[PDB]
């Protein structure tokens, strides 16, 4: 548990990765605000189900009470979808790969009121990961940090030790990629500073979804409705 090596920690996290899902995108017709919001939230809803399983496999997560598990997921779920999205869009300059059959450029984001700003931020985060050459091993550490960190200062020492262990795991990966000791702490800082930008995007994405709901643009699943409400 708290006794995994860096190597076993990476192994578990890679093991636990969710699958890439497909969208029900219908290329027979052009997008509308409703149909596009429909595809995206249908996708998010199915992704959330796999996210729940993934979270239960993150070291230390199943040790928490059910209530704290619920709270962490309620705090982190959109951040987690977003970094997932940014990761898979990395080798797709100027495009967001929501699904292998749903690859969107920012001009297509225009058809939903207020989407393109969030598009622009997602695209910038993706470029930033590409320019840092973010590795898969580092990506699954970040995603675990998000899950454990984002709800933690909002209602604990257990979670803090596991977070410290992921930090050690991150440092270990950089060390074995051959970065000098200075580069290790510089790169550790750069990665964690991006998490602040991912929190911001999450906050922006949550308000946008709320507004889509308030305007009756699309029907939201009960899970998604309850996620939104937590906010």
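Positions refer to the first chain, counted from 1. The term rigid core refers to the maximal set of C-alpha atoms that superpose within 1.5 Å between the two forms.
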item: Stretch departing more from the displayed form, 160 to 168 or 22 to 30, Cα RMS in 4 other deposited structures of this protein (core fit); value: 22 to 30
item: Residue 87 coordinate gap across at least a third of other entries; value: no
item: Coordinates lacking for residue 155, a third or more of other entries; value: yes
item: Gap size between residue 156 and residue 155, counted in deposited residues that the entry leaves unmodelled; value: 10 or more
item: Between the two ranges 69 to 77 and 98 to 106, the one averaging a larger CA B factor in the entry; value: 98 to 106
item: Between the two ranges 170 to 178 and 38 to 46, the one averaging a larger CA B factor in the entry; value: 170 to 178
item: Per the PDB entry, maximal CA B factor within 62, 193, 52, 198; value: 62
item: Maximum C-alpha temperature factor, selected from 118, 111, 141, 82; value: 111
item: Third of the chain's Cα B-factor distribution that residue 214 belongs to, per the entry; value: highest
item: Chain-wide C-alpha B factor ranking for residue 203, given as lowest, middle or highest third; value: lowest
item: Third of the chain's Cα B-factor distribution that residue 184 belongs to, per the entry; value: middle
